[PDB]
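S.K.: Handing you a structure now.
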2 protein chains.
Amino acid sequence: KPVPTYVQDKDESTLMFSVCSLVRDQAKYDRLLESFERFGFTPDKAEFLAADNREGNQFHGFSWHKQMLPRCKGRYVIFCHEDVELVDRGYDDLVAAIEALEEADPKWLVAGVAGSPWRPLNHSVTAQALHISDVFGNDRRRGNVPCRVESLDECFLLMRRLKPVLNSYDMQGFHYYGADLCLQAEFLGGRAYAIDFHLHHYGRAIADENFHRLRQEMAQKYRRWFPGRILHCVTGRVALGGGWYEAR
Amino acid sequence: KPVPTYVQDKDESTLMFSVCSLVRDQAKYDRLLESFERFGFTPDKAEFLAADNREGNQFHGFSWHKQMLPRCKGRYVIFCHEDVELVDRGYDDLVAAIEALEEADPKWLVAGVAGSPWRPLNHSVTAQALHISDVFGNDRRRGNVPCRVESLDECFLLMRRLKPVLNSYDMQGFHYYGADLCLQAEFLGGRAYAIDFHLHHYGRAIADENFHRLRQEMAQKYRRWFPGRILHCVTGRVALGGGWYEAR
Ligand SMILES: O=c1ccn([C@@H]2O[C@H](COP(=O)(O)OP(=O)(O)O)[C@@H](O)[C@H]2O)c(=O)[nH]1
Ligand SMILES: [Mn+2]
Ligand SMILES: [Mn+2]
């Protein structure tokens, strides 16, 4: 008697992007939406969804995607802050960057615009690879993008809707959810990249008690599986400790 | 001017279960659907979806959920083989077991009916915890369920639609995707349980070369993060090796 739905291995999306944002400030988010539509993210190419933090912290960096993903219909799902704005590069640029990455390295799972190169040799300085306009300067670069990374800045990242990666359930807050996503991508057997897709990010990092707390939680959690590793993020290196590193 | 959708933190599902099966044989799947409807999985409570392998191996154990989950609307998503059938315990018993688990340990992320207890002390025998009717006997038990486990038998497992866990991308095939899902649940900071929900699984243990291939791949992959661990599955122990265990 039940009538089942048979599901085939086919990408039946017709929208290229689901653009999801973590929204607290209506004015910043309206700026973002206007800029995306101006730079080619029109209704036949993209839909916009917002995790609604306008009245309080209903969601945080590690939980918002689990609610957004089921509602997305696009091929690629962007998870970005409310305070990015497209300024020059647009829809065709982003498609071309993603398709180029698929060709270069089909093991990618997460892509962003700023992050730290994968497994830096030199732990005496923080490794960075990005191209962006932000509070540190307009149209600036570190390193060379595109390139493989071990962490991404949370202002803008993306994954394929049919090949997602999830954030941890045992951390909560508004720091380190970009690195956590990259690390889970490695556990799942894929990779993270910073691509070259220049946009403007207005926000400033907040090195507050939550930042210090989550830095310690990241080290306590990840040292179990990456003992001795020094994890680079745009916000600074994190010596995870553990194992033989604890001698001294 | 885009019109965004604002998303709130609420479970809007009206169906309790999305029952997803990996299907190659129509007669076995018809028998499954008949049994689920008989034992209380009516259209007001459950929908049924099939990863369609009737014509070829379009999906395999580690990929099928990524196509199924977007199509599910139920609170809990069951992933089962086509050759399980309900025979005594039904809809109300499963709901009661999941609600009890949620009360006992809110950290759970995946549940199944047969698996190996979490971190067994005694590696001289394979740890098992199950209650099932299968090729090894009708109405049989090992161990004591419900209990936390480090692996689950793939014949039937479930997760919350809104708190999923993903299988790896860098393995493919039809063995060890129950253990892989439990290990990724640990990486995500949650837990796996075998619950008491008796059903009939009529698969055979029919041996293939892919079983040994995936056993080796699982050891090569997980030894990186779990060096020295002996991972128990109802199909046998797997010494992952790695680290100090390599000393002869
Ligand atoms: O080449 C294969 C082998 C198996 N299966 C599916 O993988 C699952 C496990 O198969 P089966 O139940 O026959 O194995 P058993 O439980 O006897 O070990 C079932 O859902 C099958 O439909 C598949 O799609 N292709
Ligand atoms: Mn920001
Ligand atoms: Mn079976």
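Every read-out reported here was derived from the displayed coordinates using simple, explicitly stated rules and does not represent laboratory data. Don't worry about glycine lacking a Cβ; one is built from the backbone with ideal geometry, like all the others, and counts go over all protein chains shown.
S.K.: So, of the residues in region B:213-246 that are under 20 Å from the mean Cα position of the chain (by Cα) and surrounded by fewer than 17 Cβ atoms within 10 Å (Cβ to Cβ), which turns out to be nearest to residue B:33 (Cα to Cα)?
M.R.: Residue satisfying both the conditions and the ranking: B:236.
S.K.: Could you tell me whether region A:73-83 includes any residue that is under 30 Å from residue B:74 (Cβ atoms), more than 18 Å from the chain's Cα centre (by Cα) and within 12 Å of chain B (Cβ to nearest Cβ)?
M.R.: Yes, because at least one residue in region A:73-83 is under 30 Å from residue B:74 (Cβ atoms), more than 18 Å from the chain's Cα centre (by Cα) and within 12 Å of chain B (Cβ to nearest Cβ).
S.K.: Report whether or not residue B:246 is within 11 Å of chain A (Cβ to nearest Cβ) and away from ligand 2 (no atom under 16 Å from the Cβ). Working first, answer last.
M.R.: Numbers: within 11 Å of chain A (Cβ to nearest Cβ): no; away from ligand 2 (no atom under 16 Å from the Cβ): yes.
Here the answer is no, as residue B:246 does not meet what is asked.
S.K.: On to the next question. Criterion first (away from ligand 3 (no atom under 16 Å from the Cβ), in contact with a strand residue (DSSP E or B) (Cβ under 9 Å, 6 or more places away or on another chain) and within 14 Å of chain A (Cβ to nearest Cβ)) does residue B:164 satisfy it? Walk me through how you get there before you give the answer.
M.R.: Details: away from ligand 3 (no atom under 16 Å from the Cβ): yes; in contact with a strand residue (DSSP E or B) (Cβ under 9 Å, 6 or more places away or on another chain): yes; within 14 Å of chain A (Cβ to nearest Cβ): yes.
Answer is yes for this residue.
S.K.: I'd like the residue in region A:125-169 that is part of a strand (DSSP E or B) and of a type in the set (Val, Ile, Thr) and, out of all such residues, is nearest to the chain's Cα centre (by Cα).
M.R.: Initially, region A:125-169 is screened for residues part of a strand (DSSP E or B), giving A:129-134, A:137-142, A:147-152, A:156-160, A:163.
Cutting the leftovers down to of a type in the set (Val, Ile, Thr) gives us A:132, A:149.
Working: A:132: 14, A:149: 11 Å.
Only one residue tops the list, namely A:149.
S.K.: Which is of a type in the set (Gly, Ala, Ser) and more than 16 Å from ligand 3 (Cβ to nearest atom), of B:133, B:124? Can you show your working first?
M.R.: On the way: B:133 fails: more than 16 Å from ligand 3 (Cβ to nearest atom).
One residue alone meets the criteria, B:124.
S.K.: Surrounded by fewer than 24 Cβ atoms within 10 Å (Cβ to Cβ) and more than 20 Å from residue B:222 (Cα to Cα) - does that describe any residue in region A:173-183?
M.R.: yes
S.K.: Taking the criterion of being within 24 Å of residue B:162 (Cα to Cα), part of a strand (DSSP E or B) and either within 14 Å of another protein chain (Cβ to nearest Cβ) or within 16 Å of ligand 1 (Cβ to nearest atom) (or both), would at least one residue in region B:90-106 satisfy it?
M.R.: No, because not a single residue in region B:90-106 is within 24 Å of residue B:162 (Cα to Cα), part of a strand (DSSP E or B) and either within 14 Å of another protein chain (Cβ to nearest Cβ) or within 16 Å of ligand 1 (Cβ to nearest atom) (or both).
S.K.: Could I ask something else about it? Restricting to region B:15-35, count the residues that are within 21 Å of residue B:92 (Cα to Cα), more than 15 Å from ligand 3 (Cβ to nearest atom) and either without any contact (Cβ under 8 Å) to a residue 12 or more places away in the chain or part of a helix (DSSP H, G or I) (or both).
M.R.: 2
S.K.: Hey, can you tell me all the residues within region B:36-84 that are outside any helix (DSSP H, G or I), within 16 Å of ligand 3 (Cβ to nearest atom), free of Cβ contacts under 8 Å to residues at least 60 places away in the same chain and not charged (D, E, K, R)?
M.R.: B:50, B:51, B:53, B:57, B:59 - these are the residues of region B:36-84 that are outside any helix (DSSP H, G or I), within 16 Å of ligand 3 (Cβ to nearest atom), free of Cβ contacts under 8 Å to residues at least 60 places away in the same chain and not charged (D, E, K, R).
Listed here are the residues, each with its yes/no results for (1) under 21 Å from residue B:94 (Cα atoms); (2) within 16 Å of ligand 3 (Cβ to nearest atom).
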{"residue": "B:174", "(1), (2)": "no, yes"}
{"residue": "B:187", "(1), (2)": "no, no"}
{"residue": "B:190", "(1), (2)": "yes, no"}
{"residue": "B:194", "(1), (2)": "yes, no"}
{"residue": "B:202", "(1), (2)": "yes, yes"}
{"residue": "B:212", "(1), (2)": "no, no"}
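Residue-by-condition table, conditions (1) basic (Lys, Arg); (2) within 10 Å of chain B (Cβ to nearest Cβ):
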{"position": "A:15", "(1), (2)": "no, no"}
{"position": "A:27", "(1), (2)": "no, no"}
{"position": "A:31", "(1), (2)": "yes, no"}
{"position": "A:42", "(1), (2)": "no, yes"}
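S.K.: Another question about this same structure. Is it the case, given these coordinates, that residue B:141 is surrounded by fewer than 18 Cβ atoms within 10 Å (Cβ to Cβ), away from ligand 3 (no atom under 16 Å from the Cβ) and either over 30 Å from residue B:9 (Cβ atoms) or touching a residue at least 24 places away in the same chain (Cβ under 8 Å) (or both)?
M.R.: yes
S.K.: Also: So residue A:8 ticks every box in (1) within 13 Å of residue B:2 (Cα to Cα); (2) within 11 Å of chain B (Cβ to nearest Cβ) but one. Which box is left unticked?
M.R.: Every condition holds for residue A:8 apart from (1).
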